[PDB]
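Below are two forms of the same protein chain, given as structure tokens: structure 1, then structure 2.
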Structure 1
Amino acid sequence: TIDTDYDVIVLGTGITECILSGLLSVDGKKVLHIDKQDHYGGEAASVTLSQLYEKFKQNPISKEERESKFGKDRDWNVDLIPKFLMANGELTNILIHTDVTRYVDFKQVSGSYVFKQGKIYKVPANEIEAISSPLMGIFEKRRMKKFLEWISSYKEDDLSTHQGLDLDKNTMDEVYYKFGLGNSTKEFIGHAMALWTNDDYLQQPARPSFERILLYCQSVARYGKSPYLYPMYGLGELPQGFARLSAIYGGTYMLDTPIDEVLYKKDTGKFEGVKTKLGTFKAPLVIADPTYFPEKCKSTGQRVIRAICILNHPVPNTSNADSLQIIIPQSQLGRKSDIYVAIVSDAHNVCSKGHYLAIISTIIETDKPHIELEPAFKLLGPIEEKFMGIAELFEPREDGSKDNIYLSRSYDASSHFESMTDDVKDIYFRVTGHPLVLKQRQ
């Protein structure tokens, strides 16, 4: 009694696939969404503490020992892949248009800190903090102020606001030169505001950097304190909310359902459907994460180490903040990639009272990945427990137009979700042939 025909079959319930499922169902498409796993979230799921031990430890501890040290398993929602939301980012725009805010609550992240020579400093979130910050000297702050005034008064359609600069012809380094900004200021803007993980952007057209810096400023302006929001109960609430949106608009969901076989149109290599323990389902195209079609994906060459740490106290030198980001610019450690730390606690309902979660991550560049994180571990003070893992980043070999197999990218090392929504918009364009246009749900 299960329909065999659908407009779209989606495999894996990571957030990229769940947003696409919700949007396609809202568009009126008949969607079948299947996951071989017994829970939502895919690689960016939030898991309980017992699940964290099963996944990262050799000999998981007993329930009695776990509860005496950490409390009830239900108080824990631990992200496997850390991500914050820019307050004015595209995911917030999708959340408001789809009303998925009905299924997920958000709280501000207290602040973002940048590392400089062994110490961390809170990045300003208002003018009083900007005046107080020792990150820049008095004369350099005056130049920085002119640069920020240009970021806000710039209007694409009005050449008189460009101050002689062209975002497509000029490189970001040329933009810095026009404002006379020194190297330390370039590092702060590039790594703390644009959030680039290295300095390659200096020799590239300024446009993408300008957009990222403006996004940061607009995000801080939304609620103050920092440019980020974080969901109550963890990132896993997001794929679950979009899966509910898809279900409301007609989507059909199956979990714990392996794909016995992918079916292809005779001699064409084009997707036709899937065979499962519940039957065979057909659709002209499939949307899926790399774990369903490893042969159709390739490594980007990057491996990311993620160290999930549990603390029984606030992070040192953060004024007892309930949540924060720490950015360690690669220039401060002679590295090729920045190291990030994402910190949340019971204020966001991700762990029991008194504990903090600090997830450290970076792109691996040495033979001893654990040692690359030592500068970040040192910022946390005593660590109760560490759950370490290394993930390789994959991307599709092709865009799916030739085989109707539209694949998402592995979740990357960036500290927030803008690159994930870029993947959602790109996949949507590949699947439908036109750009995503959000409609306000009634």
Structure 2
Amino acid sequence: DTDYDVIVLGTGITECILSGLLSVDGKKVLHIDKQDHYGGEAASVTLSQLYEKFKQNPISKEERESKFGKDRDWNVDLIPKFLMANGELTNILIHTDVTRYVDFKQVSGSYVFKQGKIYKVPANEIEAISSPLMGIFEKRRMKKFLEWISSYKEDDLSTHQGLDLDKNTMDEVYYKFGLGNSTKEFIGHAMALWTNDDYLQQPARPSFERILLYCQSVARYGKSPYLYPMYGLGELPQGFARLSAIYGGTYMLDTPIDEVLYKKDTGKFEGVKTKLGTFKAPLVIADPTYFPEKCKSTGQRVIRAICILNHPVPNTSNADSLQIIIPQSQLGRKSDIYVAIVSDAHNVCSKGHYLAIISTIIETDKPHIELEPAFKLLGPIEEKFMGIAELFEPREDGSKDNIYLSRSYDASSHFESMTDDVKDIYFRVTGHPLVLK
């Protein structure tokens, strides 16, 4: 075939989901990648590959296999992110049926940083009354707050407790319940998953919904609200490649774009020229690396430090996996710091080893030093693999040229902003919001 409905460029997660969505929608999708492996700018790599990428002089095979074990046990996501169990993305992933290949397993814990230590995020009334995050009266306010979150019904006025989610700000909701500033910090940053404090002066409704989502997601399997695939996120592009074949799709790896074809007068997308031929479609979905002149910097750079440990993270009750959220005001920062922790329980490293991946938006001339507080939380660290990436966004929404571009993957250790981008790109491409039919 030479003519398709959609051409997609890159097999980063955002592209894979969209081409997956379009294929199950009955569209005919040619999906190409210039790279000889899946994952785009967010590939999954073996431990040996990890050394080649980040280390000037990588250690010998014998050192590595004795210290850390064999490559076949290591599936290290470059940008690992967790899935909110009851969130929109889970619904999206199930809709596409990529979940027939990918097995999402519970992350064991959810933690928040306060004044030098990390604590479990209390997601039920029971956890609230036992939490060292709060003083004794605060414990009891938080229990009442979570009782309210769970008992609120839009159509039952008495459950509202004098508050309305449209007219009251979240700060007014907090005031009602008597909640201190530290408490609202972990609610806002670690339950509602806001990245700053702007939500304080905005209607409570969106805050209410995200907190409820958080609590409902924990209650699902019992340990945390977060999911992570067995063998890690590298399973997803592989699963989307399979899913494509079923819908008459072609995932063309190792195929660079020699030239992009444009229509004469209008300047809209026409197709691409490859070593395998010339292929045409009315529209293209691609990542920023395929059209850098049609993308712009956000001004943002992200530092990621992939750390290897021989022991679990201190003060996590030997959790096999967890997220830590470090709220910005705890470090006098403009940006939260994120930590994703996974281990052999998810089959991404060898037995007895842990992966602790730290990420944040850089705000100083010394990015590695911004992460010191996060490094301190991990105990002895065997090796760090640290990189900096600049974040890009499209210059246009693609309505003028039929070139629909994704955003670079940001600092968060969870999938919310990625899901926002998928929904937004889908709307731009199809002219309507995404509905799961």
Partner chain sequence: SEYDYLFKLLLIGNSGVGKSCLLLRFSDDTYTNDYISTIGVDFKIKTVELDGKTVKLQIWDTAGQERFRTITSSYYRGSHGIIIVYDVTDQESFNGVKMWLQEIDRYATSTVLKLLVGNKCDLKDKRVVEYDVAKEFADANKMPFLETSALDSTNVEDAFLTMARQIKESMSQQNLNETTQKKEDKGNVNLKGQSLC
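Please note that residue numbering is based on structure 1, beginning with 1 at the start of its sequence. In this text, the rigid core denotes the largest set of C-alpha atoms whose superposition between the two forms falls within 1.5 Å.
Novice: Between structure 1 and structure 2, which should be identified as the form solved without its partner chain?
Specialist: Looking at both copies of the chain, structure 2 is the one that matches the description.
Novice: Report the residue, chosen from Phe281, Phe210, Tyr292, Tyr103, for which the CA moves 2 Å or more between structures 1 and 2 after the rigid core is overlaid.
Specialist: Result of the superposition: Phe210 is the only one at 2 Å or more.
Novice: Relative to the superposed rigid core, does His370 relocate between structures 1 and 2 - that is, does its Cα move 2 Å or more?
Specialist: For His370, whose C-alpha is compared between structures 1 and 2 after core superposition, the shift is less than 2 Å.
Novice: If we fit on the core, is the Cα of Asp166 displaced 2 Å or more between structures 1 and 2?
Specialist: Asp166 C-alpha, core-superposed: shift of 2 Å or more.
Novice: Inspect the rigid-core superposition and answer whether the C-alpha of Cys351 shifts by 2 angstroms or more between structures 1 and 2.
Specialist: No, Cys351 moves less than 2 Å.
Novice: Once both forms share the same rigid core frame, by what distance in Å has the CA of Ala130 shifted between structures 1 and 2?
Specialist: Its C-alpha position differs by 1.5 Å.
Novice: Enter the rigid core superposed C-alpha shift of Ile9 between structures 1 and 2, rounded to one decimal in Å.
Specialist: After core superposition, the C-alpha of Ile9 moves 0.4 Å between structures 1 and 2.
Novice: Quick one: CA shift at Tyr201 between structures 1 and 2, core fit, Å?
Specialist: A shift of 2.7 Å at the C-alpha.
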